[PDB]
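Here the protein sequences come in this chain order: M, L, V, J and K.
Basically PDB author numbering = 1-based index in the first sequence + 148.
Basically PDB author numbering = 1-based index in the second sequence + 51.
Basically PDB author numbering = 1-based index in the third sequence + 21.
Basically PDB author numbering = 1-based index in the fourth sequence + 102.
Basically PDB author numbering = 1-based index in the fifth sequence + 279.
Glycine is no exception: its CB is placed at the ideal position from the N, C-alpha and C atoms.
One structure is given here, and the rest of the page talks about it.
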Amino acid sequence: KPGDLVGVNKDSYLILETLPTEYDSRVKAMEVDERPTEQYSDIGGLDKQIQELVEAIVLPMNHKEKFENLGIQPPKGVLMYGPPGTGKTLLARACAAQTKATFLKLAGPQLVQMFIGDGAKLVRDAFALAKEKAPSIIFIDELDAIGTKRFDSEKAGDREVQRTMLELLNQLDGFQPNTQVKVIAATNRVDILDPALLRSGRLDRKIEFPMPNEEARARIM
Amino acid sequence: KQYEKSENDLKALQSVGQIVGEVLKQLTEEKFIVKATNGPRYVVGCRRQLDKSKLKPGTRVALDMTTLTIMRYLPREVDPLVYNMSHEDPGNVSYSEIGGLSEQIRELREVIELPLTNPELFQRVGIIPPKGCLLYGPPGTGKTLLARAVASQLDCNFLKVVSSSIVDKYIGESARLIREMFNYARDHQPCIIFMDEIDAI
Amino acid sequence: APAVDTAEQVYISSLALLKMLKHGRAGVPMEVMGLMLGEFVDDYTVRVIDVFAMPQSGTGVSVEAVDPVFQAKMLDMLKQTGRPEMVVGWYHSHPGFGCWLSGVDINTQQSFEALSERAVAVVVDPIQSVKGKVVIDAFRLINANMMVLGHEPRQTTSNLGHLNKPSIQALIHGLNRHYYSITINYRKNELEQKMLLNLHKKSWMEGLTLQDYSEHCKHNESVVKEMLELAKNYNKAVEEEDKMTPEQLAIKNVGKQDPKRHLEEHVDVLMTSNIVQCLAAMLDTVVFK
Amino acid sequence: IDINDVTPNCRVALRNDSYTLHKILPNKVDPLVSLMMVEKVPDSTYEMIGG
Amino acid sequence: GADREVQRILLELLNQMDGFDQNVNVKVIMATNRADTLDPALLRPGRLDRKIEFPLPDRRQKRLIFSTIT
């Protein structure tokens, strides 16, 4: 059916077989086969933050039947914002271990690319695959790269970045599920970010990360 | 049963790799001028058997690769993408989940829903129904939820199109998709066409 | 590699050749085929008296294209005519290709060869033809090795041979592998030649006929009016045309779209037209009364 | 056919069979002349400015 | 590649435009609404002779138009 891939022989022309889906290389290289867990212990302290994060992502993946009984829509994405060095990367590795699922590494800079109009196709493919891999959590680093939409830009303003910013919303919207893809987002500030992205049905929880407390640093040591 | 399938394959190989074209303009009954969907423009013939009358510039023809004679007639040109948009009409979200917006919902119907059933109502007024609808709003409102949600309930032909990746760097390839949806709708009348995130364009 | 074979000179009758053209034009572009009826005379000559077709199919020039139903049916009827003829070989047409056989086509030639080894495949081209002399070639078809060794010219003896190129180096190579062009002669004579000559006995009425006088006037008017337009360039033409270089002359004295060529052409139509119309009117007058 | 086809900065015909040089084409063009040509700049005499 | 095609298309067009003068044909008519997203090379004369001005309508001009639509 139109849009599906099929092989044809370039020398003389027959459809050999029908070929299954294909995901470009540029997204493929960024991916991970899952790396060892640091868990909650290595990121000592940061207790309140851990409690919010665990409730949002990990418990709906495992005990998903109970969550349907509550009636609730499981998070579109949760957000982590606040100063670096608070162990966000560590915390991500821990999340992954509790759920028993794939953390699909995504870089915000990889999505905007050197080819034009292809860069937009890249965002569609990255979320598209996460569904196919099984239920997934997408760990996106530095979403500040994808775009900040305050546009009125009468002169230029790039707009490889504009296409990707809009496409990212579309995948979060319930044209395709958002109960299957969860987004664990880490960005250093929300000041840089635009409200189109933040909302409360693109990124549901807003978890601030303050710099470690006095007891927290002793645990880290 | 297997032998029947095997037989068509040989037809391609005898013509050596059949190619699609279109009749640009009819020179005379024997000779048509064909512009190719593959590349070069061609002067072509027709089989004795294949009638001239059938071919039209609105539609596509097929050519033997090695002698450039029209073997037969092919149907109207439609993009692969547009077939996927027509299908995408049930994306779920019922009329209940889009409520409270109800005053604004009534306004969308006047424009979209009324001309389908009868253009006659606006005709009595002596006015042609107003062109184009723009949905805009702050984020999270459900401007896209609304357009999508009614399209599923009626289950009318509705093309749902993502236009935030339809532009490519491939010159001439971006043009075709955008044209095709307007043309198509005129054919599959009545129809609604919704483009989402055309902020991009 | 050594074997003691002789080549088949294909003698095509006038009746037979014309039918082969007929079938091939019709089939376009799809390749069609048929069987040849004839007699085997001497020690190499297969003569084609007549040809009939095996069905038009897009599965053409194949073993499949060949219909057992046609072949039996014709042969019972042919017994009655007082000509039950031998199948000397088979003809096919390629109007998608030239004189280079297709890959299916070589196997099909082979099956005919098993039945009677005096079998040939004649390729008929009418829109992949470069010659109006009727682009046809004959192949018995023998293996590649025979060419490579140089055995294949030892077997052909009692041949002249020939080589033409409808379509490039690829065709030449295909031809050489086969058996190249083995000589085609024609069995023709003056009675057959006179049949083909004809046009219209209706020439009888037409030579005498002349049209309404108002029409005679239309013709004369149209030409004199035309001649006025070209006349203005003509003045320049005679004054100059020192240039003899076709490209420069063309721009200079409107050499291309020449007033001389056309004005002469015009005087000549008008003169001849007026003579035949006038001459007929007068001839008829005297004779009928 | 032609020994002038070896001369640099000459537009040349080729006949394909390996991209072999045929002869040099006597009609040449440069982009600088083509710039003047496309614009068709208005050209005017001393009178217009004159006075 | 994209940027180059559009550029080529326009050169061919200028060249063919100049072709009209020898024959009875009247040249290209085009509208510039925004002139800053247009080449000034394409606004140069010598192929243009007549330039049409439209301004904004005044009061009286406007009134007439308003009756036709209503």
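Distance from the CA of residue 334/K to the CA of residue 312/K, rounded to the nearest whole angstrom, comes to 11 Å.
Distance between residue 80/L and residue 103/L, taken at the CA atoms: about 6 Å. Minimum Cα-Cα distance from residue 86/L among the listed residues 97/L, 72/L, 99/L, 96/L corresponds to 72/L.
It is roughly 31 Å from the alpha-carbon of residue 192/L to the alpha-carbon of residue 196/M.
Per DSSP, the beta bridge partners of residue 212/L are 246/L. Neighbourhood of residue 280/K in chain L, by CB distance below 9 Å: 220, 221, 222, in chain order. Interface annotation, residue 247/L: in contact with chain M, CB-CB separation under 8 Å. In this structure, 186/L is the residue among 95/L, 127/L, 186/L, 174/L with its C-alpha nearest to the C-alpha of residue 152/L. For the segment 125-142 of chain J, the residues whose beta carbon sits under 9 Å from a beta carbon of chain K are, in order, 136, 139, 140, 141, 142. Residue pairing by DSSP places residue 356/M opposite 229/M in a beta bridge. In the DSSP annotation of this structure, residue 284/M is not part of any alpha helix (DSSP H); the continuous beta strand (DSSP E) holding it starts and ends at 284-289. Against chain M, the beta carbon of residue 90/L has no neighbour under 7 Å; the closest one sits roughly 15 Å away. Ranked by Cα distance from residue 77/L, the first of 62/L, 110/L, 66/L is 110/L. Bounds of the alpha helix (DSSP H) holding residue 229/L are 224-238. At least one CB atom of chain K sits nearer than 8 Å to the CB of residue 144/J.
In the structure shown, residue 228/V adopts coil according to DSSP, grouped into three states. With 16 or more other CB atoms across the displayed protein chains lying within 10 angstroms of its CB, residue 250/M is buried. Under DSSP, residue 204/V forms no beta bridge with any residue. By the rule that beta-carbons nearer than 8 Å mark a contact, residue 60/L touches chain M. The beta carbon of residue 181/V sits closer than 8 Å to those of 204, all from its chain and outside the five residues before and after it, given in chain order. When Cβ-Cβ separations below 8 Å define contact, residue 148/V makes contact with chain L.
DSSP lists 202/V as the beta-bridge partner residues of residue 183/V.
For residue 137/L, the uninterrupted alpha helix (DSSP H) run begins and ends at 131-138, by DSSP.
CA-to-CA, the gap between residue 134/L and residue 150/M works out to about 7 Å. By the neighbour-count definition (other C-beta atoms within 10 Å, threshold 16), residue 199/V is a buried residue.
CA-to-CA, the gap between residue 252/V and residue 297/V works out to about 27 Å.
Of all C-beta pairs linking the segment 217-225 of chain L to the segment 277-289 of chain M, fewer than three are shorter than 8 Å, placing the two stretches out of contact. Residue 301/V: member of the alpha helix (DSSP H) spanning 280-309, first to last residue. In this structure, DSSP gives residue 234/V a helical state, which the three-state scheme calls helix.
Where residue 198/M is concerned, the enclosing alpha helix (DSSP H) starts and stops at 195-201. Bridge pairing for residue 122/J: 117/J [DSSP].
Beta-bridge pairing by DSSP links residue 114/V to 145/V.
Residue 175/V: member of the alpha helix (DSSP H) spanning 173-177, first to last residue.
Here residue 46/V carries a helix assignment [DSSP, helix/strand/coil].
For the set 214/L, 240/L, 199/L, the Cα lying nearest the Cα of residue 251/L is the one of 214/L.
By the neighbour-count criterion, in which 16 or more other beta carbons inside 10 Å mark a residue as buried, residue 143/L falls on the exposed side.
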